[PDB]
$ cat coords.txt   # compact mmCIF, C-alpha atoms
# COMPACT_ATOMS: atom_id res chain seq x y z
CA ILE A 13 4.48 1.93 17.91
CA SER A 14 0.69 1.86 17.86
CA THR A 15 -2.23 3.01 15.72
CA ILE A 16 -3.20 6.21 17.56
CA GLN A 17 -6.82 7.39 17.66
CA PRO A 18 -8.19 9.18 14.56
CA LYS A 19 -10.41 12.21 14.24
CA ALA A 20 -13.65 11.24 15.98
CA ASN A 21 -16.29 10.25 13.39
CA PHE A 22 -13.98 11.13 10.49
CA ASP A 23 -16.08 12.73 7.71
CA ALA A 24 -14.28 12.01 4.44
CA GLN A 25 -16.68 14.37 2.64
CA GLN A 26 -15.69 17.27 4.90
CA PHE A 27 -12.00 16.30 4.92
CA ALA A 28 -12.27 16.25 1.10
CA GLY A 29 -10.91 19.06 -1.09
CA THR A 30 -7.68 21.08 -1.03
CA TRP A 31 -4.97 20.75 1.62
CA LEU A 32 -1.54 22.42 1.67
CA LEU A 33 1.37 20.63 3.31
CA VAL A 34 2.95 22.84 5.98
CA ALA A 35 5.47 20.75 7.93
CA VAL A 36 6.66 17.16 8.35
CA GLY A 37 8.14 15.45 11.37
CA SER A 38 10.12 12.32 10.60
CA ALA A 39 13.31 10.37 11.24
CA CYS A 40 13.44 9.92 7.45
CA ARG A 41 16.99 10.84 6.45
CA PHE A 42 16.01 12.65 3.24
CA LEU A 43 14.32 15.50 5.11
CA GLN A 44 17.52 16.23 7.08
CA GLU A 45 19.96 14.95 4.51
CA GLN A 46 19.37 17.16 1.46
CA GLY A 47 16.79 19.08 3.51
CA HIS A 48 17.12 21.97 1.07
CA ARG A 49 14.60 22.14 -1.78
CA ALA A 50 11.74 20.96 0.40
CA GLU A 51 9.49 21.88 -2.51
CA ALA A 52 5.91 22.92 -1.67
CA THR A 53 3.17 20.29 -1.92
CA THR A 54 -0.63 20.21 -1.94
CA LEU A 55 -3.37 17.55 -1.99
CA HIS A 56 -6.65 17.40 -3.78
CA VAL A 57 -8.68 14.80 -1.86
CA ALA A 58 -11.84 12.97 -2.93
CA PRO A 59 -13.81 10.13 -1.34
CA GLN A 60 -14.09 7.03 -3.56
CA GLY A 61 -16.28 4.91 -1.37
CA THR A 62 -14.59 4.35 1.98
CA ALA A 63 -11.23 4.65 0.21
CA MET A 64 -10.01 8.09 -0.81
CA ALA A 65 -8.29 9.31 -3.93
CA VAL A 66 -5.49 11.82 -3.37
CA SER A 67 -3.67 13.97 -5.93
CA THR A 68 -0.40 15.23 -4.52
CA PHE A 69 0.93 18.17 -6.53
CA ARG A 70 4.57 19.23 -6.40
CA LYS A 71 7.29 20.85 -8.39
CA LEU A 72 10.38 18.93 -9.46
CA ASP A 73 13.11 21.15 -10.92
CA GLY A 74 10.25 23.49 -11.84
CA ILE A 75 8.32 20.80 -13.74
CA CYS A 76 4.95 20.51 -12.01
CA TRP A 77 4.08 16.91 -11.14
CA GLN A 78 0.93 15.11 -9.95
CA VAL A 79 0.95 11.80 -8.06
CA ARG A 80 -2.47 10.12 -7.78
CA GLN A 81 -2.87 7.49 -5.03
CA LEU A 82 -5.73 5.52 -3.52
CA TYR A 83 -5.69 5.56 0.28
CA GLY A 84 -7.44 2.23 0.70
CA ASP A 85 -9.41 2.01 3.92
CA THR A 86 -8.39 -0.58 6.52
CA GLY A 87 -12.03 -1.48 6.95
CA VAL A 88 -11.90 1.07 9.79
CA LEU A 89 -13.06 4.68 9.69
CA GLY A 90 -10.15 7.06 9.35
CA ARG A 91 -7.62 4.23 8.89
CA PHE A 92 -6.07 3.55 5.51
CA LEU A 93 -3.34 1.58 3.74
CA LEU A 94 -1.22 2.53 0.76
CA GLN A 95 -0.24 -0.43 -1.40
CA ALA A 96 3.25 -1.84 -1.94
CA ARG A 97 3.11 -0.50 -5.50
CA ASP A 98 6.86 -0.65 -6.21
CA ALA A 99 7.52 -3.21 -3.45
CA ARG A 100 7.87 -0.14 -1.22
CA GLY A 101 5.74 -2.00 1.32
CA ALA A 102 2.34 -0.87 2.51
CA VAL A 103 2.02 2.39 4.46
CA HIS A 104 -0.46 2.61 7.34
CA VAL A 105 -2.34 5.90 7.60
CA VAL A 106 -4.42 7.44 10.39
CA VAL A 107 -6.28 10.75 10.29
CA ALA A 108 -5.15 11.49 13.83
CA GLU A 109 -6.53 15.01 14.09
CA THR A 110 -8.38 17.50 11.92
CA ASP A 111 -10.55 20.53 11.74
CA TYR A 112 -11.82 19.70 8.26
CA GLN A 113 -12.09 23.40 7.37
CA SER A 114 -8.76 24.41 8.94
CA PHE A 115 -6.00 21.93 9.80
CA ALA A 116 -5.04 18.25 9.79
CA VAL A 117 -2.37 16.13 11.50
CA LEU A 118 -1.97 12.81 9.65
CA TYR A 119 -0.08 9.78 10.99
CA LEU A 120 1.69 7.57 8.44
CA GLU A 121 3.96 4.63 9.25
CA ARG A 122 5.84 1.86 7.44
CA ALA A 123 8.01 -0.84 9.07
CA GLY A 124 7.98 1.23 12.28
CA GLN A 125 9.43 4.13 10.26
CA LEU A 126 6.99 6.84 11.32
CA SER A 127 5.96 10.23 9.96
CA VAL A 128 3.41 12.85 10.96
CA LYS A 129 2.39 15.62 8.54
CA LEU A 130 0.55 18.88 9.26
CA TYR A 131 -1.71 20.15 6.46
CA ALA A 132 -3.84 23.28 6.37
CA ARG A 133 -6.59 24.83 4.32
CA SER A 134 -4.69 28.09 4.84
CA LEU A 135 -1.33 29.83 4.47
CA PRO A 136 -1.14 30.46 8.24
CA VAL A 137 -1.60 27.83 10.90
CA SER A 138 -2.66 28.68 14.44
CA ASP A 139 0.41 28.52 16.66
CA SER A 140 -1.65 26.44 19.10
CA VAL A 141 -2.12 23.89 16.30
CA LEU A 142 1.60 24.00 15.48
CA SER A 143 2.34 23.49 19.20
CA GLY A 144 -0.01 20.52 19.25
CA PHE A 145 1.95 19.16 16.30
CA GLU A 146 5.20 19.62 18.26
CA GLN A 147 3.78 17.56 21.12
CA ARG A 148 2.49 14.97 18.62
CA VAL A 149 6.11 14.73 17.43
CA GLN A 150 7.47 14.32 20.96
CA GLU A 151 4.81 11.69 21.73
CA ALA A 152 5.95 9.93 18.55
CA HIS A 153 9.43 10.00 20.19
CA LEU A 154 10.64 12.22 17.34
CA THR A 155 12.98 15.13 18.05
CA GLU A 156 12.48 18.79 17.30
CA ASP A 157 15.60 18.22 15.20
CA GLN A 158 13.37 15.95 13.04
CA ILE A 159 10.73 18.64 12.33
CA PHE A 160 11.00 20.34 8.92
CA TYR A 161 8.87 23.08 7.34
CA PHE A 162 7.71 23.77 3.77
CA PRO A 163 7.62 27.17 2.02
CA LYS A 164 4.63 29.51 2.07
CA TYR A 165 4.44 29.83 -1.74
CA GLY A 166 4.92 28.10 -5.07
CA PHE A 167 2.28 25.41 -4.71
CA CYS A 168 1.26 23.89 -8.04
CA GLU A 169 -2.00 22.63 -9.54
CA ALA A 170 -3.04 20.69 -12.65
CA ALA A 171 0.19 19.00 -13.67
CA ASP A 172 0.46 18.12 -17.37
CA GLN A 173 -0.73 14.84 -18.88
CA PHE A 174 2.93 13.79 -19.11
CA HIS A 175 3.78 14.73 -15.50
CA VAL A 176 1.23 12.56 -13.67
CA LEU A 177 2.69 9.49 -11.97
CA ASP A 178 -0.74 7.82 -11.72
CA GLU A 179 0.56 5.03 -9.50
CA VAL A 180 -2.88 4.26 -8.04
CA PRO B 117 14.66 -7.44 -22.65
CA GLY B 118 13.84 -8.05 -26.30
CA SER B 119 17.14 -9.81 -26.98
CA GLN B 120 15.30 -13.01 -27.95
CA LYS B 121 14.13 -11.67 -31.32
CA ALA B 122 17.72 -11.17 -32.46
CA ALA B 123 18.20 -14.87 -31.69
CA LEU B 124 15.47 -15.96 -34.12
CA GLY B 125 15.96 -17.16 -37.65
CA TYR B 126 14.41 -15.27 -40.54
CA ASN B 127 12.54 -16.46 -43.64
CA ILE B 128 13.25 -14.13 -46.56
CA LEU B 129 10.37 -15.72 -48.49
CA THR B 130 7.81 -14.49 -45.95
CA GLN B 131 9.64 -11.94 -43.78
CA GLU B 132 8.65 -14.06 -40.78
CA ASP B 133 10.68 -15.19 -37.79
CA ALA B 134 11.46 -18.91 -37.62
CA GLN B 135 12.60 -20.94 -34.62
CA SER B 136 15.55 -19.71 -32.57
CA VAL B 137 18.96 -20.00 -34.22
CA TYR B 138 21.09 -18.45 -31.48
CA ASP B 139 20.75 -19.45 -27.85
CA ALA B 140 19.09 -16.39 -26.31
CA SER B 141 20.05 -17.32 -22.73
CA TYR B 142 23.45 -19.06 -22.74
CA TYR B 143 26.04 -16.82 -21.05
CA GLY B 144 29.11 -19.07 -21.17
CA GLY B 145 29.63 -18.30 -17.48
CA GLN B 146 30.38 -14.64 -18.20
CA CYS B 147 28.82 -11.82 -16.19
CA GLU B 148 29.05 -9.18 -18.92
CA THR B 149 26.62 -6.30 -18.43
CA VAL B 150 25.05 -3.49 -20.46
CA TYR B 151 24.15 -0.08 -19.02
CA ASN B 152 20.45 0.74 -19.56
CA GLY B 153 20.59 4.49 -20.20
CA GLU B 154 16.83 4.84 -19.56
CA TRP B 155 16.83 3.29 -16.07
CA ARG B 156 15.39 6.42 -14.43
CA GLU B 157 11.84 5.63 -13.22
CA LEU B 158 10.09 8.02 -10.85
CA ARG B 159 8.96 6.75 -7.46
CA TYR B 160 7.30 8.55 -4.56
CA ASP B 161 7.61 7.83 -0.83
CA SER B 162 4.68 9.16 1.20
CA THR B 163 6.52 8.18 4.41
CA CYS B 164 8.99 10.91 3.46
CA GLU B 165 8.33 13.68 0.94
$ encode --input "coords.txt" --output "structure tokens"
Amino acid sequence: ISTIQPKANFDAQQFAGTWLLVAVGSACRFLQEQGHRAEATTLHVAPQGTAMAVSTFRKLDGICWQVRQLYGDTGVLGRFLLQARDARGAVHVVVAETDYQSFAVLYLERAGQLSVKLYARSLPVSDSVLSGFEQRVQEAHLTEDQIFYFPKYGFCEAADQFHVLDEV
Amino acid sequence: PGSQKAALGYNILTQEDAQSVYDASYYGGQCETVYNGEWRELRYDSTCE
């Protein structure tokens, strides 16, 4: 395990805005166990100094939900920490790779438990990008059997006042 | 949580709680437990989805 290199000169202002989650690679059981109902997710992203706010949007049983989180910077460009809010333990984050207008591959890790997630500005992703993601997975020592996709449709926006987790 | 108020004495003349009458914390060595029907609290795990 190591902190891999981020996007060179990561521009939070360009990486800002709307991302759709496309696929996740992880050894996390709950993507393979109960891997059905991988409900679609999207981020709104804003810079907030060097930290970034993120609003994940999701459905849950058809109720649209918003989770707002601060990705605190590590003091290092493109490197962030999520807090141990519920004693979950802090999650290290690296913006490994992005075309700010097109695609991103984000590295996230806690307690050596590692995930990589591929987001896009777009419904399609270039198959070359997807292939890069596959090799990113292999380099992370994750199997193809630990890659999981998310549906093309049914993204949500603007969850209700009562359906915002607002963990911060 | 909030069991201590039931332990307090009550002043009918003022409708104010007094000092504790019951021991709010003595268990008599029993482990007798109550199911909290509202235990469900959402969590999110960004390391998964």
$ interface_residues --input "coords.txt" --of "chain A" --to "chain B" --cutoff "10 Å" --atoms "all atoms listed in the file" --output "PyMOL selection string"
chain A and resi 36-43+50-53+68+70+79+81+94+97-98+100+103-105+119-122+125-129+177+179
$ closest_residue --input "coords.txt" --among "A:83, A:145, A:22, A:167" --to "residue 54 in chain A" --atoms "only C-alpha atoms"
A:167
$ residues_around --input "coords.txt" --residues "residue 59 in chain A" --least-positions-apart "3" --cutoff "12 Å" --atoms "only C-alpha atoms" --output "ChimeraX atom specification"
/A:22-29,56,62-67,81-85,90
$ atom_distance --input "coords.txt" --atom1 "CA of residue 44 in chain A" --atom2 "CA of residue 162 in chain A"
12.8 Å
$ residues_around --input "coords.txt" --residues "residue 13 in chain A" --least-positions-apart "3" --cutoff "9 Å" --atoms "only C-alpha atoms" --output "list in words"
residues 16, 124, 126 and 152 of chain A
$ atom_distance --input "coords.txt" --atom1 "CA of residue 71 in chain A" --atom2 "CA of residue 168 in chain A"
6.8 Å
$ decode --input "coords.txt" --residues "range 67-85 of chain A" --atoms "C-alpha atoms" --output "PDB file, in the first residue's frame"
ATOM      1  CA  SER A  67     -22.664  16.150  -2.251  1.00  0.00           C
ATOM      2  CA  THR A  68     -23.197  12.501  -3.094  1.00  0.00           C
ATOM      3  CA  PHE A  69     -26.702  11.882  -4.419  1.00  0.00           C
ATOM      4  CA  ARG A  70     -28.275   8.432  -4.433  1.00  0.00           C
ATOM      5  CA  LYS A  71     -31.551   6.634  -4.259  1.00  0.00           C
ATOM      6  CA  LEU A  72     -32.433   4.385  -1.333  1.00  0.00           C
ATOM      7  CA  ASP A  73     -35.579   2.323  -1.904  1.00  0.00           C
ATOM      8  CA  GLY A  74     -36.582   5.128  -4.275  1.00  0.00           C
ATOM      9  CA  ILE A  75     -36.170   7.852  -1.643  1.00  0.00           C
ATOM     10  CA  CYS A  76     -33.563  10.251  -3.024  1.00  0.00           C
ATOM     11  CA  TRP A  77     -30.788  10.966  -0.509  1.00  0.00           C
ATOM     12  CA  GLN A  78     -27.940  13.492  -0.300  1.00  0.00           C
ATOM     13  CA  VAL A  79     -24.768  12.958   1.751  1.00  0.00           C
ATOM     14  CA  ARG A  80     -22.617  16.089   2.188  1.00  0.00           C
ATOM     15  CA  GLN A  81     -18.966  15.542   3.163  1.00  0.00           C
ATOM     16  CA  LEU A  82     -15.859  17.692   3.460  1.00  0.00           C
ATOM     17  CA  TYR A  83     -12.825  16.120   1.807  1.00  0.00           C
ATOM     18  CA  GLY A  84     -10.273  17.798   4.042  1.00  0.00           C
ATOM     19  CA  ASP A  85      -6.937  18.305   2.329  1.00  0.00           C
TER      20      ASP A  85
END
